[PDB]
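Encoded as structure tokens, the structure appears first; notes follow it.
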Amino acid sequence: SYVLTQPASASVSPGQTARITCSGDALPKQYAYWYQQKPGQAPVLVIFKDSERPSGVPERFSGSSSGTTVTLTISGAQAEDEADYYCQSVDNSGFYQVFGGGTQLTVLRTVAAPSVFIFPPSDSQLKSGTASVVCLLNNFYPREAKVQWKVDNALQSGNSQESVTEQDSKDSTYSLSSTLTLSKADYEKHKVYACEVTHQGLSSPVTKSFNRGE
Amino acid sequence: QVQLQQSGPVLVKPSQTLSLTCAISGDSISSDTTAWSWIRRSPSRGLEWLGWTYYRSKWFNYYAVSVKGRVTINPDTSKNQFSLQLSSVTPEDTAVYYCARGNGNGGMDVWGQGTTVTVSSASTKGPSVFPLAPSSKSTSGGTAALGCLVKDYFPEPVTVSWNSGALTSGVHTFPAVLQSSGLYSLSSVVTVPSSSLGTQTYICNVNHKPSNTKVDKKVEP
Amino acid sequence: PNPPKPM
């Protein structure tokens with residue numbers, strides 16, 4: 001059927017122009033629209049009528065038409081722009097509107113080191129027959145990071161899960177939570193609980209630890 | 001002014017029908033804005049179009065070819081709403097559903113809050129909230145950090161605020177992870193001055209609307 | 005039976 005074809009990814013450095021493209025076979029006609037998706041909330045209109053900037057959008061955002069291939073050029077890219085971008089238009093006879101797959105702007109910027117924190121289990125969880133130990137990393141750009149849970153100076157595998165926060169937009173840094181799930185018995189065994197963190201921004205792996213019962 | 005309000009989170013069993021509502025404010029559904037559109041976001045499918053409805057002159061409804069034979073958009077001119085009704089739902093229909101308006105010749109400006117729909121046969125469960133308390137003989141340096149742990153809930157949608165929403169700065173509410181239990185776990189965290197650890201109270205307000213659960217938990221050393 | 009205004 002009808003289709004709007006768009007790349008999957010796009011990368012640039014800050015203060016540098018980015019150029020996203022979206023090709024369509026009905027774009028010769030039917031005008032065109034752009035939207036942005038920062039995960040967690042509704043889309044945002046960035047350009048309409050192929051070059052008409054709505055209000056509230058930074059002047060760095062602009063787009064040309066160029067017939068069958070429309071584009072979104074973002075000059076002096078700021079890091080808050082890292083997002084997933086989408087191109088929309090409508091078919092000939094304009095009776096069915098369509099979307100693109102979506103590009104992912106990367107805006108490779110800075111390197112921030114995480115602020116590592118350790119949270120021991122609440123006794124409320126211990127009245128239930130389980131335990132969860134939390135290692136938190138705060139405000140680092142390269143999403144790549146290690147956590148290396150330790151209990152009796154004994155690394156473990158397949159016992160934890162991780163989740164990253166995407167765009168707080170204050171600094172637009174990533175944050176991570178590693179949770180070690182364990183039995184109350186296995187928790188009241190052993191004594192030391194620690195996480196060692198490795199990141200591009202750290203000279204050496206930082207370790208945060210706690211002793212049960214302190 | 002022009003405000004769109006969507007319905008709450010939904011848990012629909014895999015063979016049943018989904019019903020969603022988008023209520024409008026500040027303008028008439030019957031005007032010649034002529035978008036009154038529905039859309040959805042899937043983890044790897046992306047933004048996919050669903051359907052349209054135009055104006056009073058003759059209420060046209062045109063849907064996407066992908067989902068045409070199951071969808072139906074119905075205006076309610078009495079209530080100033082437009083509804084989505086999707087038939088023979090599939091576990092692949094689990095996504096986040098949005099509704100939008102278009103000014104006509106030039107936009108999809110206004111959007112809705114979003115609706116998280118879960119296509120599953122599982123029964124609803126309410127979460128258990130636990131403190132992620134601050135260190136006290138250790139907090140220093142890179143300031144203090146504290147949080148809340150929401151565990152063992154289904155479906156996925158839970159919303160967490162701090163101090164009835166007074167904090168909204170430094171908050172990192174993390175994406176939820178489904179556990180080996182088949183249930184969800186989420187963690188909300190805030191970084192605060194180490195000095196305000198006794199002079200200011202910090203409480204996380206969790207709401208699992210699917211379970212009709214609303215809890216407030218204070219985090220203290 | 006026509007759509008909103010064309011380009």
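Protein sequences, first through last, are from chains D, C and F.
In case it helps, the deposited numbering puts the first sequence at residues 1 to 214.
In case it helps, the deposited numbering puts the second sequence at residues 1 to 221.
In case it helps, the deposited numbering puts the third sequence at residues 5 to 11.
No residue lacks a Cβ here, since even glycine has one placed at the ideal position from N, Cα and C.
The three-state reading of DSSP puts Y187 of chain D in helix, counting H, G and I together. Nearest Cα to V160 of chain C within the set C:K151, C:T173, C:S19: C:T173. Interface criterion met: the Cβ of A42 of chain D is under 8 Å from a Cβ in chain C. Considering only beta carbons, the part of the stretch 28-58 of chain D lying closer than 8 Å to chain F consists of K29, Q30, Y31, in chain order.
Across the structure, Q200 of chain D and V111 of chain D are spaced so that their CA atoms are roughly 7 Å apart.
Annotation for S188 of chain C: the continuous beta strand (DSSP E) segment containing it runs 184-192. Proximity of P157 of chain C to chain D, defined by a Cβ-Cβ separation below 8 Å, is not satisfied. DSSP places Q125 of chain D inside the alpha helix (DSSP H), whose first and last residues are 123-127. Beta-bridge partners of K79 of chain C (DSSP): none assigned. Flagged as an interface residue toward chain F: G94 of chain D, by a C-beta distance shorter than 8 Å. Closest option to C204 of chain C, judged by alpha-carbon separation, among C:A144, C:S196, C:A133: C:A133.
Secondary structure in the stretch 127-211 of chain D: the beta strand (DSSP E) runs of 3 residues or longer, each lying completely within the stretch, are 130-140, 160-165, 174-183, 192-197, 206-211 in chain order.
For chain D, the residues of the stretch 38-51 of chain C that bring a beta carbon within less than 7 Å of one of its beta carbons are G46, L47, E48, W49, in chain order. Contact annotation: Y33 of chain D and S89 of chain D have beta-carbon atoms nearer than 8 Å. Along the length of the stretch 82-116 of chain D, whole beta strand (DSSP E) runs at least 3 residues long occupy 84-90, 97-99, reported in chain order. In the structure shown, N212 of chain C falls within a coil segment according to DSSP collapsed to helix, strand and coil.
Beta-bridge analysis with DSSP links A23 of chain C to C:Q5, C:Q81.
Segment contact: the stretch 32-49 of chain C against the stretch 102-122 of chain C, three or more CB-CB distances shorter than 8 Å; contact assigned. CA-CA distance, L197 of chain C to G141 of chain C, rounds to 14 Å. The C-beta distance from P54 of chain D to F48 of chain D rounds to 6 Å, short enough to fall under 8 Å. In the DSSP assignment, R40 of chain C falls within the unbroken beta strand (DSSP E) covering 37-42. Counting only residues of its own chain and dropping the five nearest sequence neighbours on each side, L183 of chain C has a CB closer than 8 Å to the CB of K125, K151, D152, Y153, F154. From the beta-carbon of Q125 of chain D, the residues of chain C found nearer than 9 Å are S128, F130, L149, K151.
Annotation for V65 of chain C: no beta strand (DSSP E) segment contains it, and DSSP assigns it neither H nor E. Scanning its chain for C-beta atoms nearer than 6 Å, with the 5 sequence neighbours on each side dropped, one finds around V10 of chain C the residues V117, in chain order. Nearest to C135 of chain D by alpha-carbon distance, out of D:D171, D:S177, D:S124, is D:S177. One finds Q161, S163 in chain D with Cβ atoms closer than 7 Å to the Cβ of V177 of chain C, taken in chain order. Within the DSSP bridge table, the entry for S31 of chain C names no partner. Counting only Cβ-Cβ distances below 7 Å, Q97 of chain D has contacts in chain C at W49, in chain order. Under the criterion of beta carbons closer than 8 Å, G51 of chain C and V71 of chain C qualify as touching, at roughly 5 Å. Around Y184 of chain C, no beta-carbon contact reaches into chain D at under 7 Å, the shortest distance being about 11 Å. In the assembly as shown, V151 of chain D is a buried residue. Its beta-carbon has 16 or more other beta-carbons within 10 Å. Excluding sequence positions up to five before and after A176 of chain C, its CB lies within less than 6 Å of the CB of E156, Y184, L186, all in the same chain and listed in chain order. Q16 of chain C is classed as exposed because its beta carbon has fewer than 16 other beta carbons within 10 Å across all chains shown.
A distance below 6 Å between beta-carbons, with the five flanking residues on each side excluded, links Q167 of chain D to the following residues of its chain, in chain order: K38. By the rule that beta-carbons nearer than 8 Å mark a contact, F140 of chain D does not touch chain C.
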